[PDB]
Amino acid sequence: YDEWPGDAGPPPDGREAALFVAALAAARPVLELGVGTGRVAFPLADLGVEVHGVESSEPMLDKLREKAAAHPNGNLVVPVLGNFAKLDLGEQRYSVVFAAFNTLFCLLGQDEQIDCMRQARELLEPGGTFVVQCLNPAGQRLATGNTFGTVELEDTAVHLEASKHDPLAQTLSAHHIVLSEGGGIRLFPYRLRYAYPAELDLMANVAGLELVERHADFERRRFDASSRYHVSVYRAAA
């Protein structure tokens, strides 16, 4: 997993995400929700930024502890355990709290996501920002009901996707499928609950945040109806 080629692997914007976050970090520490294997954390370390990466899954949090011990700048990465819904980190404050590539949408409810957003706000220093990267429903052009599609092709394996979309609950439930020459089959299930921009902004408001800027990606490209994703930056409200 995460060693997959092309579109099967994670978006190749790790470096770009780091630069975007670093530019908002007052040379002070940042908090990544869903740090994963550190696709963004390490590039941030290469820039001299202290990264506290939260991950509810102790399993792969260790692989981070493992890549960090092998990474030239892995000490600037502080592995943290908790829930994006139950973040209790004391009097520690951050200049940036961010959740990349649909992390926020891993919380399977509007309530849970508002709560996560509030928790983020309360962990921000004055002038601090909350940054999220989310799929943009309008640009995704998601069909109603079930679909099946080709994600990526390798010489000896195909990457397919089977998914169920409920446009009411606004949930995506899918399997990433890997068919291998020789009969191998591996299934990687995942669930998302997405939100439309207008909704997401209202959610932020309830959580005491206000939108300050929105882009299509971390390189600050213009965001429009056809953008597959959006990068949103929030500040503490009035």
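Note that residue numbering follows the sequence shown and begins at 1.
139-147 set against 82-90, stretch whose average Cα temperature factor tops the other in the entry: So the stretch with the higher mean C-alpha B-factor is 82-90.
Which of 18-26 and 222-230 has higher mean CA B factor, as the PDB entry lists it: 18-26 has the higher mean C-alpha B-factor.
Most elevated Cα B-factor in the entry, residues 203, 187, 49, 195: Across 203, 187, 49, 195, the entry lists the biggest C-alpha B-factor for 49.
From 181, 210, 66, 199, residue of greatest CA B-factor: Among 181, 210, 66, 199, the PDB entry lists the largest C-alpha B-factor for 66.
Chain third (lowest, middle, highest) by recorded CA B-factor, residue given as residue 128: Middle third by C-alpha B-factor.
Record-listed C-alpha B factor of residue 76: chain third: Residue 76: CA B-factor falls in the highest third of its chain.
Third of the chain's Cα B-factor distribution that residue 177 belongs to, per the entry: Its C-alpha B-factor belongs to the lowest third of this chain's values.
CA B-factor placement of residue 37, once the chain's modelled residues are sorted into thirds: Middle third.
Lowest, middle or highest third - CA B-factor, residue 31: Middle third, going by the recorded CA B-factors of the chain.
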